[PDB]
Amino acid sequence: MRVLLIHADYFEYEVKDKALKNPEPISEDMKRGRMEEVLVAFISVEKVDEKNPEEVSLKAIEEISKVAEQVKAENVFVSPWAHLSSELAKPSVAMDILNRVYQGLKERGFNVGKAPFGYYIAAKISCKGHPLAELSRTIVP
């Protein structure tokens, strides 16, 4: 798993076309979402993660939590992101892990948001620019 963490003033997205034939279904109100003062977690689930969904999820939960605690973000957003890796996991594994990370961050106490899987999405973000505002982490079994 590869993750890019961005401490942001705001992050807003709008779902555009489907990238998969059968993407994640969504209500009208899940097409757009916005959070402020938010640690955005751009997550690229890999093939190698298929071997241990739960361990990988637990590490990602913890690595993301630490940074959010260190930067004093109460809000966290989980986004799927095909763009930190070339060996990517099949969608079942990807959605599995993305939901596990989403749930475990809720369990830690953050106000957590997410984006639907399997779509092209427009987004806008304002990146803060302090020293810990942009971090990347690599997570394996």
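Residue positions are given as counts along the sequence shown, with the first one as 1.
Chemist: Name the higher of the two by mean Cα B-factor in the PDB entry, 83-91 versus 58-66.
Modeler: Mean CA B-factor is higher for 83-91.
Chemist: Going by the average Cα B-factor in the PDB entry, point out whether 118-126 or 14-22 comes out higher.
Modeler: Higher mean C-alpha B-factor in the PDB entry: 14-22.
Chemist: Comparing against every modelled residue in the chain, figure out the third that the C-alpha B-factor of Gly113 lands in (lowest, middle or highest).
Modeler: Lowest third - that is where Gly113 ends up once the chain's C-alpha B-factors are sorted.
Chemist: What third of the chain, by the recorded C-alpha B-factor, contains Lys51?
Modeler: Within its chain, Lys51 is a highest-third residue by C-alpha B-factor, going by the deposited values.
Chemist: According to the PDB entry, is the CA B factor of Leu4 in the bottom, middle or top third of its chain, that is, lowest, middle or highest?
Modeler: Its C-alpha B-factor belongs to the lowest third of this chain's values.
Chemist: Consider only the C-alpha atoms of the modelled residues in this chain, order them by B-factor as the entry records it, and name the third containing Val38: lowest, middle or highest.
Modeler: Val38: CA B-factor falls in the lowest third of its chain.
Chemist: Give the position of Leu105 by CA B-factor within its chain, expressed as the lowest, middle or highest third.
Modeler: Ranked within chain, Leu105 CA B lands in the lowest tercile.
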